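> This one is an experimental structure. Sequence first:
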Amino acid sequence: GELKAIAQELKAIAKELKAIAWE
Amino acid sequence: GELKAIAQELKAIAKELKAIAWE
Amino acid sequence: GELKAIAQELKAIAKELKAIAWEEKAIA
Amino acid sequence: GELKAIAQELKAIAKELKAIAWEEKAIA
Ligand SMILES: [N+]
Ligand SMILES: [N+]
Ligand SMILES: [N+]
Ligand SMILES: [N+]
């Protein structure tokens, strides 16, 4: 449900932050 | 670096939120 | 600008999680 | 209580990300 969709949002954000770390 | 450690924090949180969804 | 937008998104999620928690509490 | 603590953690991370962004900006 909602909490799973938010969890997926947080994992998407984790990938953005890693991409920012390395750019 | 910092942003990777924060990304790992967000992935840990995503797993907590999924566990909360299903309990 | 990118990190600042992600920061707003996390604050928005925090508010959403408190709304979810409150609704669960209310219902039970 | 668990979702409320996670919400505080996300708000804390948001502040940390703005501090990181600002330091990068300052330095450049
Ligand atoms: N949920
Ligand atoms: N970093
Ligand atoms: N945002
Ligand atoms: N917390």
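Thanks, I have it. Numbers count the residues shown, from 1 in each chain, chains lettered A, B, ... in the order given. Ligands and ions are numbered 1, 2, ... in the order given.

> Which positions in chain A make contact with ligand 4?
Chain A comes close to ligand 4 at no residue, as judged by CB under 6 Å from any ligand atom. For every residue, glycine as well, the C-beta is placed using N, CA and C.

> Distance-wise, check residue A:10 relative to chain C.
Applying CB to the nearest CB, to the nearest Å, the value for residue A:10 to chain C is 7 Å.

> next one: residue A:4
12 Å.

> Just give the nearest non-adjacent residue to that residue, would you?
Of all residues not flanking residue A:4 in the chain, residue B:21 sits nearest, at 5.3 Å (CB to CB, 6 or more residues apart in numbering or on different chains).

> likewise residue A:15?
residue B:7 (7.4 Å).

> Provide the contact partners of the helix or strand encompassing that neighbour at residue level.
Per DSSP states H and E, residue B:7 falls inside helix B:2-22. With contact meaning CB atoms under 8 Å, 6 or more residues apart in numbering or on different chains, helix B:2-22 is reached by A:1-4, A:6-8, A:10-11, A:13-15, A:17-18, A:20-21, C:17, D:2-3, D:6, D:9-10, D:13, D:16-17, D:20.

> returning to what we had before: neighbours of the residue nearest to residue A:4, how many?
15 (other CB atoms under 10 Å in any protein chain shown).

> What of residue A:6?
Applying other CB under 10 Å, we find 22 residues neighbouring residue A:6.

> measure it to ligand 1 for me?
Residue A:6 is 8 Å from ligand 1, where distance means CB to the nearest ligand atom, to the nearest Å.

> Next, count neighbours for residue A:9.
As a burial measure, residue A:9 scores 18 neighbours (other CB under 10 Å).

> do residue A:1 as well
Other residues close to residue A:1 by other CB under 10 Å number 8.

> show me the contacts for it.
The contact partners of residue A:1, by CB under 8 Å, 6+ apart, come to residue B:21.

> Apply 10 Å and report the result again.
B:21, B:22, C:20 (CB atoms under 10 Å, 6 or more residues apart in numbering or on different chains).

> can you check residue A:23 too?
Residue A:23 is in contact with residue C:2, counting by CB under 10 Å, 6+ apart.
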